[PDB]
């Protein structure tokens, strides 16, 4: 069979010859009990670059050893690309949210042999789940593989916005000192009200990391968390997102992208936030209305916005989020740290070993199965 795998490019300085450290911590389980991926073996050392074209997610020796073909490419847009040319023959498509091979209904139509679509990572919104359902296509992602990695990115970005990190760093590069310029917009996070849109694998991990900062914790979700967990953390629940953002100094978005959350943060919901609120979105770009964020930062309604997710991906050189004021953006990198890569690459292989051995894919990896939202998809997703 043919496996089509879309990865981002190697560094512009070439595939790395060395890394800054010698290894990465071994991670055996996730908070709440889910085990680390269980492939029969791995053909990489955890810590190496696996998400780029030359890394190949460490799949080539295994897949070719079973006689299948593996096409790895980064070239993913247009009828002319390696991706779309090879798509009609692929039994399996793999890509990462960081450089995603969008599986629109047109591409799924052209994909005559496509049976399995794997998200090397978390969040399968780049696949058209409705069209995947109409074609008997199993959709699967490596659940939890980088949820912790994002929570660190979230707390790092909250602190950078509130304490005014990046402009102060720029004063160091500029050769200045300029204390008053740095701190005329620099605050402590302590005793601020911080709320999260969703309290899932990421959102809960964020809430735990924020607790010893002595913030006042809030959250909004379709389902309420267990009342014990609310009490051990000091949570206040809000059945309405508008209710939360009205009392919150800082807001983190940690929900998946689907019709229920698309454009959730428009000019109207943002205009309901406290003046000078901080908004962090490591979930998906479209959950925040792009020009609304830009406008609210110009007026001082938002005192800062930071995140790593954009729309589309890659973001074009002129995308207005690059130049809007008071931001702390990165590209889509939080879920593809080298530590996270070792996990979802191992999970991708685990899914592949299950597919070619006719074993069930882990119920918690499943988003679509047999023409239905299933598994995690039934519980986190809407179509």
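Numbering follows the first chain given and starts at 1.
According to the PDB record, 370 to 378 carries the higher mean C-alpha B-factor of the two stretches 10 to 18 and 370 to 378. Note on 195 to 203 vs 241 to 249: mean CA B-factor is higher in 241 to 249. Ranking 101, 148, 109, 277 by Cα temperature factor from the entry places 109 first. By the numbers in the PDB entry, the CA B factor is greatest at 299 among 95, 299, 74, 168.
When all modelled residues of the chain are sorted by CA temperature factor, residue 212 is found within the lowest third. In the deposited entry, the Cα temperature factor of residue 83 places it in the middle third of its chain's modelled residues. Ranked within its chain, residue 152 lands in the lowest third, by CA B factor from the PDB record. When all modelled residues of the chain are sorted by CA temperature factor, residue 353 is found within the middle third.
Sorting the modelled residues of the chain by their CA temperature factor places residue 56 in the lowest third.
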